[PDB]
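Engineer: My structure is below; once you've seen it, I'll send some questions.
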Amino acid sequence: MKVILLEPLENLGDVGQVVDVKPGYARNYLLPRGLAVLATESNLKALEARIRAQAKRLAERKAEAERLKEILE
Amino acid sequence: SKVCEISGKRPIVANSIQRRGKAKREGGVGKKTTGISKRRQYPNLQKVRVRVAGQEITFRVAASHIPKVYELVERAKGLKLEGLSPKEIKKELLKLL
RNA sequence: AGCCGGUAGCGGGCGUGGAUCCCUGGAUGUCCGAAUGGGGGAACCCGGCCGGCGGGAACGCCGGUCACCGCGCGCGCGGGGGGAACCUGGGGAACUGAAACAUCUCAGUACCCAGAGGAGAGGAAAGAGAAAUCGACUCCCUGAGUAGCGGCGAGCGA
RNA sequence: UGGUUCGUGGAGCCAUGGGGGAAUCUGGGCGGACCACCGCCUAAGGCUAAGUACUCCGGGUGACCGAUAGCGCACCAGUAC
RNA sequence: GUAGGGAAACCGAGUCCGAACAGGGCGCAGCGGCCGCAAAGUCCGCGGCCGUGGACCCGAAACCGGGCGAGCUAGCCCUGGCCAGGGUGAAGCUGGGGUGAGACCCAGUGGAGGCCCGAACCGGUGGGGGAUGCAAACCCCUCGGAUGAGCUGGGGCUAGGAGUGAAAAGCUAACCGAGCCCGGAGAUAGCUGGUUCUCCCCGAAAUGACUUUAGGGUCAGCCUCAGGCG
RNA sequence: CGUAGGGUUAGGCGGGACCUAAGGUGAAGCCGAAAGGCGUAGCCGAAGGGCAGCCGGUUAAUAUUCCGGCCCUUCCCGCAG
RNA sequence: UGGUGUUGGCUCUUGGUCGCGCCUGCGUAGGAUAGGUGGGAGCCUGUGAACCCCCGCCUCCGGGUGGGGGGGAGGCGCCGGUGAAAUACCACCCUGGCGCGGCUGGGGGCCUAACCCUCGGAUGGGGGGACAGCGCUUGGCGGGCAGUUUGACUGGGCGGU
RNA sequence: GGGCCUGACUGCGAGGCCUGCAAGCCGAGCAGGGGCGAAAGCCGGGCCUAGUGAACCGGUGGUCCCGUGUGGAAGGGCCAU
Ligand SMILES: [Mg+2]
Ligand SMILES: [Mg+2]
Ligand SMILES: [Mg+2]
Ligand SMILES: [Mg+2]
Ligand SMILES: [Mg+2]
Ligand SMILES: [Mg+2]
Ligand SMILES: [Mg+2]
Ligand SMILES: [Mg+2]
Ligand SMILES: [Mg+2]
Ligand SMILES: [Mg+2]
Ligand SMILES: [Mg+2]
Ligand SMILES: [Mg+2]
Ligand SMILES: [Mg+2]
Ligand SMILES: [Mg+2]
Ligand SMILES: [Mg+2]
Ligand SMILES: [Mg+2]
Ligand SMILES: [Mg+2]
Ligand SMILES: [Mg+2]
Ligand SMILES: [Mg+2]
Ligand SMILES: [Mg+2]
Ligand SMILES: [Mg+2]
Ligand SMILES: [Mg+2]
Ligand SMILES: [Mg+2]
Ligand SMILES: [Mg+2]
Ligand SMILES: [Mg+2]
Ligand SMILES: [Mg+2]
Ligand SMILES: [Mg+2]
Ligand SMILES: [Mg+2]
Ligand SMILES: [Mg+2]
Ligand SMILES: [Mg+2]
Ligand SMILES: [Mg+2]
Ligand SMILES: [Mg+2]
Ligand SMILES: [Mg+2]
Ligand SMILES: [Mg+2]
Ligand SMILES: [Mg+2]
Ligand SMILES: [Mg+2]
Ligand SMILES: [Mg+2]
Ligand SMILES: [Mg+2]
Ligand SMILES: [Mg+2]
Ligand SMILES: [Mg+2]
Ligand SMILES: [Mg+2]
Ligand SMILES: [Mg+2]
Ligand SMILES: [Mg+2]
Ligand SMILES: [Mg+2]
Ligand SMILES: [Mg+2]
Ligand SMILES: [Mg+2]
Ligand SMILES: [Mg+2]
Ligand SMILES: [Mg+2]
Ligand SMILES: [Mg+2]
Ligand SMILES: [Mg+2]
Ligand SMILES: [Mg+2]
Ligand SMILES: [Mg+2]
Ligand SMILES: [Mg+2]
Ligand SMILES: [Mg+2]
Ligand SMILES: [Mg+2]
Ligand SMILES: [Mg+2]
Ligand SMILES: [Mg+2]
Ligand SMILES: [Mg+2]
Ligand SMILES: [Mg+2]
Ligand SMILES: [Mg+2]
Ligand SMILES: [Mg+2]
Ligand SMILES: [Mg+2]
Ligand SMILES: [Mg+2]
Ligand SMILES: [Mg+2]
Ligand SMILES: [Mg+2]
Ligand SMILES: [Mg+2]
Ligand SMILES: [Mg+2]
Ligand SMILES: [Mg+2]
Ligand SMILES: [Mg+2]
Ligand SMILES: [Mg+2]
Ligand SMILES: [Mg+2]
Ligand SMILES: [Mg+2]
Ligand SMILES: [Mg+2]
Ligand SMILES: [Mg+2]
Ligand SMILES: [Mg+2]
Ligand SMILES: [Mg+2]
Ligand SMILES: [Mg+2]
Ligand SMILES: [Mg+2]
Ligand SMILES: [Mg+2]
Ligand SMILES: [Mg+2]
Ligand SMILES: [Mg+2]
Ligand SMILES: [Mg+2]
Ligand SMILES: [Mg+2]
Ligand SMILES: [Mg+2]
Ligand SMILES: [Mg+2]
Ligand SMILES: [Mg+2]
Ligand SMILES: [Mg+2]
Ligand SMILES: [Mg+2]
Ligand SMILES: [Mg+2]
Ligand SMILES: [Mg+2]
Ligand SMILES: [Mg+2]
Ligand SMILES: [Mg+2]
Ligand SMILES: [Mg+2]
Ligand SMILES: [Mg+2]
Ligand SMILES: [Mg+2]
Ligand SMILES: [Mg+2]
Ligand SMILES: [Mg+2]
Ligand SMILES: [Mg+2]
Ligand SMILES: [Mg+2]
Ligand SMILES: [Mg+2]
Ligand SMILES: [Mg+2]
Ligand SMILES: [Mg+2]
Ligand SMILES: [Mg+2]
Ligand SMILES: [Mg+2]
Ligand SMILES: [Mg+2]
Ligand SMILES: [Mg+2]
Ligand SMILES: [Mg+2]
Ligand SMILES: [Mg+2]
Ligand SMILES: [Mg+2]
Ligand SMILES: [Mg+2]
Ligand SMILES: [Mg+2]
Ligand SMILES: [Mg+2]
Ligand SMILES: [Mg+2]
Ligand SMILES: [Mg+2]
Ligand SMILES: [Mg+2]
Ligand SMILES: [Mg+2]
Ligand SMILES: [Mg+2]
Ligand SMILES: [Mg+2]
Ligand SMILES: [Mg+2]
Ligand SMILES: [Mg+2]
Ligand SMILES: [Mg+2]
Ligand SMILES: [Mg+2]
Ligand SMILES: [Mg+2]
Ligand SMILES: [Mg+2]
Ligand SMILES: [Mg+2]
Ligand SMILES: [Mg+2]
Ligand SMILES: [Mg+2]
Ligand SMILES: [Mg+2]
Ligand SMILES: [Mg+2]
Ligand SMILES: [Mg+2]
Ligand SMILES: [Mg+2]
Ligand SMILES: [Mg+2]
Ligand SMILES: [Mg+2]
Ligand SMILES: [Mg+2]
Ligand SMILES: [Mg+2]
Ligand SMILES: [Mg+2]
Ligand SMILES: [Mg+2]
Ligand SMILES: [Mg+2]
Ligand SMILES: [Mg+2]
Ligand SMILES: [Mg+2]
Ligand SMILES: [Mg+2]
Ligand SMILES: [Mg+2]
Ligand SMILES: [Mg+2]
Ligand SMILES: [Mg+2]
Ligand SMILES: [Mg+2]
Ligand SMILES: [Mg+2]
Ligand SMILES: [Mg+2]
Ligand SMILES: [Mg+2]
Ligand SMILES: [Mg+2]
Ligand SMILES: [Mg+2]
Ligand SMILES: [Mg+2]
Ligand SMILES: [Mg+2]
Ligand SMILES: [Mg+2]
Ligand SMILES: [Mg+2]
Ligand SMILES: [Mg+2]
Ligand SMILES: [Mg+2]
Ligand SMILES: [Mg+2]
Ligand SMILES: [Mg+2]
Ligand SMILES: [Mg+2]
Ligand SMILES: [Mg+2]
Ligand SMILES: [Mg+2]
Ligand SMILES: [Mg+2]
Ligand SMILES: [Mg+2]
Ligand SMILES: [Mg+2]
Ligand SMILES: [Mg+2]
Ligand SMILES: [Mg+2]
Ligand SMILES: [Mg+2]
Ligand SMILES: [Mg+2]
Ligand SMILES: [Mg+2]
Ligand SMILES: [Mg+2]
Ligand SMILES: [Mg+2]
Ligand SMILES: [Mg+2]
Ligand SMILES: [Mg+2]
Ligand SMILES: [Mg+2]
Ligand SMILES: [Mg+2]
Ligand SMILES: [Mg+2]
Ligand SMILES: [Mg+2]
Ligand SMILES: [Mg+2]
Ligand SMILES: [Mg+2]
Ligand SMILES: [Mg+2]
Ligand SMILES: [Mg+2]
Ligand SMILES: [Mg+2]
Ligand SMILES: [Mg+2]
Ligand SMILES: [Mg+2]
Ligand SMILES: [Mg+2]
Ligand SMILES: [Mg+2]
Ligand SMILES: [Mg+2]
Ligand SMILES: [Mg+2]
Ligand SMILES: [Mg+2]
Ligand SMILES: [Mg+2]
Ligand SMILES: [Mg+2]
Ligand SMILES: [Mg+2]
Ligand SMILES: [Mg+2]
Ligand SMILES: [Mg+2]
Ligand SMILES: [Mg+2]
Ligand SMILES: [Mg+2]
Ligand SMILES: [Mg+2]
Ligand SMILES: [Mg+2]
Ligand SMILES: [Mg+2]
Ligand SMILES: [Mg+2]
Ligand SMILES: [Mg+2]
Ligand SMILES: [Mg+2]
Ligand SMILES: [Mg+2]
Ligand SMILES: [Mg+2]
Ligand SMILES: [Mg+2]
Ligand SMILES: [Mg+2]
Ligand SMILES: [Mg+2]
Ligand SMILES: [Mg+2]
Ligand SMILES: [Mg+2]
Ligand SMILES: [Mg+2]
Ligand SMILES: [Mg+2]
Ligand SMILES: [Mg+2]
Ligand SMILES: [Mg+2]
Ligand SMILES: [Mg+2]
Ligand SMILES: [Mg+2]
Ligand SMILES: [Mg+2]
Ligand SMILES: [Mg+2]
Ligand SMILES: [Mg+2]
Ligand SMILES: [Mg+2]
Ligand SMILES: [Mg+2]
Ligand SMILES: [Mg+2]
Ligand SMILES: [Mg+2]
Ligand SMILES: [Mg+2]
Ligand SMILES: [Mg+2]
Ligand SMILES: [Mg+2]
Ligand SMILES: [Mg+2]
Ligand SMILES: [Mg+2]
Ligand SMILES: [Mg+2]
Ligand SMILES: [Mg+2]
Ligand SMILES: [Mg+2]
Ligand SMILES: [Mg+2]
Ligand SMILES: [Mg+2]
Ligand SMILES: [Mg+2]
Ligand SMILES: [Mg+2]
Ligand SMILES: [Mg+2]
Ligand SMILES: [Mg+2]
Ligand SMILES: [Mg+2]
Ligand SMILES: [Mg+2]
Ligand SMILES: [Mg+2]
Ligand SMILES: [Mg+2]
Ligand SMILES: [Mg+2]
Ligand SMILES: [Mg+2]
Ligand SMILES: [Mg+2]
Ligand SMILES: [Mg+2]
Ligand SMILES: [Mg+2]
Ligand SMILES: [Mg+2]
Ligand SMILES: [Mg+2]
Ligand SMILES: [Mg+2]
Ligand SMILES: [Mg+2]
Ligand SMILES: [Mg+2]
Ligand SMILES: [Mg+2]
Ligand SMILES: [Mg+2]
Ligand SMILES: [Mg+2]
Ligand SMILES: [Mg+2]
Ligand SMILES: [Mg+2]
Ligand SMILES: [Mg+2]
Ligand SMILES: [Mg+2]
Ligand SMILES: [Mg+2]
Ligand SMILES: [Mg+2]
Ligand SMILES: [Mg+2]
Ligand SMILES: [Mg+2]
Ligand SMILES: [Mg+2]
Ligand SMILES: [Mg+2]
Ligand SMILES: [Mg+2]
Ligand SMILES: [Mg+2]
Ligand SMILES: [Mg+2]
Ligand SMILES: [Mg+2]
Ligand SMILES: [Mg+2]
Ligand SMILES: [Mg+2]
Ligand SMILES: [Mg+2]
Ligand SMILES: [Mg+2]
Ligand SMILES: [Mg+2]
Ligand SMILES: [Mg+2]
Ligand SMILES: [Mg+2]
Ligand SMILES: [Mg+2]
Ligand SMILES: [Mg+2]
Ligand SMILES: [Mg+2]
Ligand SMILES: [Mg+2]
Ligand SMILES: [Mg+2]
Ligand SMILES: [Mg+2]
Ligand SMILES: [Mg+2]
Ligand SMILES: [Mg+2]
Ligand SMILES: [Mg+2]
Ligand SMILES: [Mg+2]
Ligand SMILES: [Mg+2]
Ligand SMILES: [Mg+2]
Ligand SMILES: [Mg+2]
Ligand SMILES: [Mg+2]
Ligand SMILES: [Mg+2]
Ligand SMILES: [Mg+2]
Ligand SMILES: [Mg+2]
Ligand SMILES: [Mg+2]
């Protein structure tokens, strides 16, 4: 089963990285502890939504710093 | 082996037809019927427990229909579930069907 | 134009001032019984709270309500039980037939359980099937005992 | 495994107890294993009068019986016992 | 129904086998002067037989489906009651002996027991009646337990392929080697019996073949019946 | 046996308005195609447990039940400590 | 009783399948020990030469390869010998082996989080633990039980037919 | 006792035997294609009567009849076995 890696763990990957593991391991170990959530059609919209929200903040921050860069010097 | 909780899977009537002889397709005489035994085919059922709203809930569902339960709970986030006993929680988790 | 059933009598009244009687509605409707505040061996025993009579506090009668489940945001809604077959579903034999008997048959037949209605099921195609076509579900006739299936036997059967 | 005429047979079609397991019209299933090709339908919610079956029951009718018959009961019968 | 043959394709008064245009198999067509009549053919009724139905009628031993039973009996559970009266006298103790002490021994006290005798009580040995009896298990005498593995009282629990059984396949409401009632069912029965008013007509076989066949069924022979041949 | 009339008197006797035994069920809750089976805690389950009367007279018959004489048992209200 | 579901983690161990680093492969003839199909007419050295020595490795008893160190710039092809195929260097894969990696296959051990039990205490602790229980499938054991059969003749059975 | 040979034939078959059925026995003869004799002719196994098995099922080899719309195919059919 596909899941999203909530907390960065060892020998698995990056925080937020999608990883497919044996479902029983996640049903007995990962999900009850709140360390993982399986990848649905909705949390893809929510993961694209938070990544694109960090991008909506980033594109504002760096562009404002570049406009102020055009103001200074 | 009671009924399944989500889909309603239940044991059904079945038969076991005991056979002997060499089949026609392999070149032999043909498959015979040396007996018939009625049976009740039982579903593969386990106890999947999910902790929802700070309460431990139990479910008796077929192993193939396991992700359906986590779909129901994962989609049931819109409703307020705190304060309700595990019985009425097990009730309201089926309300999404 | 007579009546108070059977039902005559002892012994008594009523009826054109429309009694007896038939239809309809309402009242009433002890106790038991899904029984239901609560126990329980049916027509029984015993209490919560509240309103009421005796002279009534100890006692008793009366008035209303007091069980469980499911649903709806303590209050409301409903839910159970019943019935002549007849419905659908979930279950589901044997004698026997095969001149015996185990695949086969009686046969989804009896009975078992559940729910539904005055019907049920069913129902508007991932249908039929070669027809350039037919266009919902049910019932009748016919197809035909054809097609078929079968220790290709008995029998079954679109 | 069961239904279908099909008893396992070339055995399709409808439902599934077991493991897995898609896809959205360029999508899927049927035409009897299968392939190519060509025709028919849109599964994984459900609803729906009419035409049919029956008998506690009111009625009408009979080359149906007339008290050992016709219903266990024409009579205080599901009663005596 | 009128056109059949072949597995079939397919052909058709023919067709199949076959190389055959061989031979064979299987199938092909009214009476009188357009009409009268008759007929291949079809339809209804009435009657024979046969089939499927329960199938001419009366009959089980019994298989299963569901209900009803442990007030009898069998076991066990809960809580009660009871066993007149006598015999015999284990341990234990006090008195004495014993030995260096003990073991051990005799008397008193002392009262054990799936102990004995023997009533009420539970039996059912032996014979006698009883045999359409008083009674679907009685009467008499005699006989074994009778404080124990006891007797019974009440509430209870245990059931049909199950119960219960200090074992008999014993009992589970007087017939238990598979309980009673109802229902599938009108099971089935080649087997037993019976098969109802009258007169006229003909007249068998009891043999052969084969048959899980032998006291049953197919067929042949033997009877009868309308039509035709003579 | 056939007809009508009369006959069973209770705070004390047994029993319910008390408790619990097997067991019957049976909130929680377990199990089962259905019907259902099971279930500490609870309710129910008496001849067991708890409970407060002995004697005499009497009638066609009932009597510890009416009457008698002499004891007792529960609750409420009054008062006093 | 195997296999798959409830059903997981880690490690070791070797094994099957794939992406690699890879080293290995010795007939006549023929520098040395000839992998093939295609490419070829020139390639290395300051990504330091011929040659030398201190060790691995495959050794067909001659070597191959990785090299190190010093010396520090020189040597091996087509050509020819030569056989069927000729040689440096750069592609596509083999035989067999090793070092890493995808995917797997079992066993050894570890862990706990599914599962069972348990604890006046129960989102906790403890034990067992991916085992058992449980679903289907595979075969086996299967008078414990169920439905049946166990021929007819015959001066019944036995024999015999 | 030797020679050449495959008629221990293919497609058929007049009629009879036997006869309850199924069945078993005899069989001249016509055609194709064949052996031998000079010829005539003779050869559908053996001097004869016993040396056998009915339906059901599948295989093998061929045939190229069927092919569930269709073209194949599956599987049957026919033949011999
Ligand atoms: Mg990892
Ligand atoms: Mg936390
Ligand atoms: Mg910056
Ligand atoms: Mg600056
Ligand atoms: Mg079960
Ligand atoms: Mg279903
Ligand atoms: Mg079903
Ligand atoms: Mg069946
Ligand atoms: Mg099985
Ligand atoms: Mg099978
Ligand atoms: Mg099998
Ligand atoms: Mg097999
Ligand atoms: Mg086998
Ligand atoms: Mg065998
Ligand atoms: Mg064999
Ligand atoms: Mg098979
Ligand atoms: Mg084959
Ligand atoms: Mg197969
Ligand atoms: Mg073989
Ligand atoms: Mg069977
Ligand atoms: Mg079974
Ligand atoms: Mg809590
Ligand atoms: Mg829990
Ligand atoms: Mg559970
Ligand atoms: Mg609450
Ligand atoms: Mg929704
Ligand atoms: Mg009067
Ligand atoms: Mg009067
Ligand atoms: Mg009167
Ligand atoms: Mg009179
Ligand atoms: Mg008079
Ligand atoms: Mg009079
Ligand atoms: Mg008078
Ligand atoms: Mg008057
Ligand atoms: Mg009342
Ligand atoms: Mg009431
Ligand atoms: Mg009341
Ligand atoms: Mg009572
Ligand atoms: Mg009470
Ligand atoms: Mg009252
Ligand atoms: Mg209240
Ligand atoms: Mg009042
Ligand atoms: Mg008053
Ligand atoms: Mg009242
Ligand atoms: Mg009252
Ligand atoms: Mg109830
Ligand atoms: Mg409930
Ligand atoms: Mg319910
Ligand atoms: Mg509401
Ligand atoms: Mg509110
Ligand atoms: Mg409230
Ligand atoms: Mg209130
Ligand atoms: Mg409100
Ligand atoms: Mg209202
Ligand atoms: Mg309101
Ligand atoms: Mg409402
Ligand atoms: Mg209900
Ligand atoms: Mg109910
Ligand atoms: Mg009912
Ligand atoms: Mg039906
Ligand atoms: Mg049964
Ligand atoms: Mg029949
Ligand atoms: Mg018979
Ligand atoms: Mg029938
Ligand atoms: Mg059936
Ligand atoms: Mg029928
Ligand atoms: Mg039915
Ligand atoms: Mg019927
Ligand atoms: Mg049953
Ligand atoms: Mg129900
Ligand atoms: Mg309902
Ligand atoms: Mg109802
Ligand atoms: Mg109507
Ligand atoms: Mg309707
Ligand atoms: Mg139907
Ligand atoms: Mg057109
Ligand atoms: Mg159209
Ligand atoms: Mg229309
Ligand atoms: Mg009709
Ligand atoms: Mg019809
Ligand atoms: Mg049928
Ligand atoms: Mg169906
Ligand atoms: Mg069938
Ligand atoms: Mg199959
Ligand atoms: Mg099938
Ligand atoms: Mg269905
Ligand atoms: Mg399904
Ligand atoms: Mg599986
Ligand atoms: Mg898959
Ligand atoms: Mg389309
Ligand atoms: Mg495409
Ligand atoms: Mg297949
Ligand atoms: Mg629908
Ligand atoms: Mg209606
Ligand atoms: Mg009908
Ligand atoms: Mg009718
Ligand atoms: Mg009608
Ligand atoms: Mg009627
Ligand atoms: Mg009635
Ligand atoms: Mg009425
Ligand atoms: Mg009527
Ligand atoms: Mg009326
Ligand atoms: Mg009237
Ligand atoms: Mg009328
Ligand atoms: Mg009228
Ligand atoms: Mg009438
Ligand atoms: Mg009229
Ligand atoms: Mg009339
Ligand atoms: Mg008379
Ligand atoms: Mg009636
Ligand atoms: Mg009537
Ligand atoms: Mg009279
Ligand atoms: Mg009358
Ligand atoms: Mg009556
Ligand atoms: Mg009546
Ligand atoms: Mg020719
Ligand atoms: Mg030809
Ligand atoms: Mg010619
Ligand atoms: Mg000809
Ligand atoms: Mg010829
Ligand atoms: Mg000619
Ligand atoms: Mg001719
Ligand atoms: Mg002519
Ligand atoms: Mg003609
Ligand atoms: Mg003339
Ligand atoms: Mg003329
Ligand atoms: Mg005629
Ligand atoms: Mg004719
Ligand atoms: Mg004519
Ligand atoms: Mg008739
Ligand atoms: Mg006849
Ligand atoms: Mg007849
Ligand atoms: Mg008949
Ligand atoms: Mg019997
Ligand atoms: Mg029975
Ligand atoms: Mg039963
Ligand atoms: Mg029963
Ligand atoms: Mg009972
Ligand atoms: Mg007794
Ligand atoms: Mg007991
Ligand atoms: Mg005692
Ligand atoms: Mg006792
Ligand atoms: Mg006593
Ligand atoms: Mg004594
Ligand atoms: Mg004494
Ligand atoms: Mg004594
Ligand atoms: Mg003595
Ligand atoms: Mg003495
Ligand atoms: Mg002294
Ligand atoms: Mg002295
Ligand atoms: Mg003394
Ligand atoms: Mg003494
Ligand atoms: Mg004596
Ligand atoms: Mg006494
Ligand atoms: Mg006695
Ligand atoms: Mg006796
Ligand atoms: Mg006795
Ligand atoms: Mg005696
Ligand atoms: Mg005796
Ligand atoms: Mg005697
Ligand atoms: Mg005597
Ligand atoms: Mg006597
Ligand atoms: Mg007797
Ligand atoms: Mg005497
Ligand atoms: Mg004497
Ligand atoms: Mg005596
Ligand atoms: Mg004497
Ligand atoms: Mg004497
Ligand atoms: Mg005695
Ligand atoms: Mg004795
Ligand atoms: Mg004794
Ligand atoms: Mg005893
Ligand atoms: Mg005792
Ligand atoms: Mg007793
Ligand atoms: Mg008692
Ligand atoms: Mg009593
Ligand atoms: Mg009792
Ligand atoms: Mg009882
Ligand atoms: Mg039972
Ligand atoms: Mg019972
Ligand atoms: Mg049983
Ligand atoms: Mg009896
Ligand atoms: Mg007897
Ligand atoms: Mg007997
Ligand atoms: Mg008798
Ligand atoms: Mg003969
Ligand atoms: Mg005959
Ligand atoms: Mg004769
Ligand atoms: Mg003669
Ligand atoms: Mg009297
Ligand atoms: Mg008083
Ligand atoms: Mg008394
Ligand atoms: Mg007393
Ligand atoms: Mg007393
Ligand atoms: Mg009493
Ligand atoms: Mg009582
Ligand atoms: Mg009291
Ligand atoms: Mg009290
Ligand atoms: Mg009580
Ligand atoms: Mg006790
Ligand atoms: Mg209990
Ligand atoms: Mg009971
Ligand atoms: Mg119960
Ligand atoms: Mg309950
Ligand atoms: Mg409650
Ligand atoms: Mg309760
Ligand atoms: Mg309650
Ligand atoms: Mg409740
Ligand atoms: Mg709880
Ligand atoms: Mg539980
Ligand atoms: Mg559990
Ligand atoms: Mg249901
Ligand atoms: Mg039941
Ligand atoms: Mg039942
Ligand atoms: Mg219940
Ligand atoms: Mg239920
Ligand atoms: Mg229950
Ligand atoms: Mg509790
Ligand atoms: Mg009781
Ligand atoms: Mg007593
Ligand atoms: Mg008493
Ligand atoms: Mg009493
Ligand atoms: Mg007492
Ligand atoms: Mg009392
Ligand atoms: Mg006192
Ligand atoms: Mg006196
Ligand atoms: Mg007196
Ligand atoms: Mg007296
Ligand atoms: Mg007195
Ligand atoms: Mg008095
Ligand atoms: Mg008085
Ligand atoms: Mg006092
Ligand atoms: Mg008191
Ligand atoms: Mg009181
Ligand atoms: Mg498998
Ligand atoms: Mg060499
Ligand atoms: Mg190649
Ligand atoms: Mg080459
Ligand atoms: Mg060149
Ligand atoms: Mg050069
Ligand atoms: Mg050499
Ligand atoms: Mg050497
Ligand atoms: Mg390797
Ligand atoms: Mg990876
Ligand atoms: Mg392991
Ligand atoms: Mg291990
Ligand atoms: Mg370990
Ligand atoms: Mg670890
Ligand atoms: Mg550990
Ligand atoms: Mg560690
Ligand atoms: Mg358990
Ligand atoms: Mg707890
Ligand atoms: Mg826990
Ligand atoms: Mg701790
Ligand atoms: Mg282990
Ligand atoms: Mg375990
Ligand atoms: Mg479990
Ligand atoms: Mg298992
Ligand atoms: Mg299998
Ligand atoms: Mg084997
Ligand atoms: Mg098996
Ligand atoms: Mg087996
Ligand atoms: Mg076996
Ligand atoms: Mg063994
Ligand atoms: Mg046996
Ligand atoms: Mg055996
Ligand atoms: Mg069995
Ligand atoms: Mg058993
Ligand atoms: Mg059976
Ligand atoms: Mg069987
Ligand atoms: Mg035999
Ligand atoms: Mg015999
Ligand atoms: Mg004889
Ligand atoms: Mg003899
Ligand atoms: Mg003889
Ligand atoms: Mg003899
Ligand atoms: Mg003899
Ligand atoms: Mg003998
Ligand atoms: Mg004998
Ligand atoms: Mg014998
Ligand atoms: Mg013999
Ligand atoms: Mg001899
Ligand atoms: Mg012999
Ligand atoms: Mg031929
Ligand atoms: Mg001729
Ligand atoms: Mg002749
Ligand atoms: Mg013959
Ligand atoms: Mg003849
Ligand atoms: Mg073949
Ligand atoms: Mg072809
Ligand atoms: Mg073929
Ligand atoms: Mg074949």
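By order of appearance in the structure tokens: chains A, B, ..., then residues from 1 within every chain, and ligands from 1 in the order shown.
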What does the list of residues within 7 Å of ligand 219 look like if you count only C-alpha atoms (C1' of nucleotides) and all ligand atoms, written as a ChimeraX atom specification?
Structural biologist: /F:23-24,45
Engineer: Suppose we keep N, CA and C atoms (P, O5', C5', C4', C3', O3' and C1' of nucleotides); can you now write the selection as a PDB file, in the first residue's frame?
Structural biologist:
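The result, written out as part_20.pdb:
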```pdb
ATOM      1  P     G F  23     -27.229 -25.314  39.425  1.00  0.00           P
ATOM      2  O5'   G F  23     -28.572 -25.065  38.606  1.00  0.00           O
ATOM      3  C5'   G F  23     -29.353 -26.151  38.126  1.00  0.00           C
ATOM      4  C4'   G F  23     -30.825 -25.831  38.196  1.00  0.00           C
ATOM      5  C3'   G F  23     -31.301 -24.723  37.266  1.00  0.00           C
ATOM      6  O3'   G F  23     -31.594 -25.203  35.964  1.00  0.00           O
ATOM      7  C1'   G F  23     -32.110 -24.327  39.457  1.00  0.00           C
ATOM      8  P     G F  24     -31.432 -24.248  34.682  1.00  0.00           P
ATOM      9  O5'   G F  24     -32.683 -23.267  34.768  1.00  0.00           O
ATOM     10  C5'   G F  24     -34.007 -23.743  34.561  1.00  0.00           C
ATOM     11  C4'   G F  24     -35.018 -22.656  34.816  1.00  0.00           C
ATOM     12  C3'   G F  24     -34.824 -21.378  34.013  1.00  0.00           C
ATOM     13  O3'   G F  24     -35.410 -21.455  32.725  1.00  0.00           O
ATOM     14  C1'   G F  24     -35.141 -20.840  36.292  1.00  0.00           C
ATOM     15  P     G F  45     -40.057 -16.348  44.318  1.00  0.00           P
ATOM     16  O5'   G F  45     -39.397 -17.767  44.023  1.00  0.00           O
ATOM     17  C5'   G F  45     -40.055 -18.748  43.236  1.00  0.00           C
ATOM     18  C4'   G F  45     -39.223 -20.000  43.143  1.00  0.00           C
ATOM     19  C3'   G F  45     -38.776 -20.578  44.478  1.00  0.00           C
ATOM     20  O3'   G F  45     -39.760 -21.395  45.088  1.00  0.00           O
ATOM     21  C1'   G F  45     -36.908 -20.387  43.053  1.00  0.00           C
TER      22        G F  45
END
```
Engineer: What are the residues of chain H lining chain B at 12 Å or less? Count only C-alpha atoms (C1' of nucleotides), and put the answer as an NGL selection string.
Structural biologist: :H and (57-60 or 74-75)
Engineer: Give me every strand (DSSP E) residue in chain B, going by DSSP on the backbone, as a PyMOL selection string.
Structural biologist: chain B and resi 12-18+35-41+45-52+55-62
Engineer: Enumerate, as a ChimeraX atom specification, the complete set of residues in stretch 3-97 of chain B that a backbone-based DSSP assignment places in helix (DSSP H, G or I).
Structural biologist: /B:63-78,86-92
Engineer: Which chains and residue numbers are within 12 Å of ligand 150, counting only C-alpha atoms (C1' of nucleotides) and all ligand atoms, if I want them as number ranges by chain?
Structural biologist: E: 95-97
Engineer: Fewer than 4 positions away in the same chain doesn't count, so skip those; otherwise give me all residues within 12 Å of residue E:145, counting only C-alpha atoms (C1' of nucleotides), as a list in words.
Structural biologist: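 Within the cut-off, the hits are residues 114, 121, 122, 123, 149, 150 and 151 of chain E.
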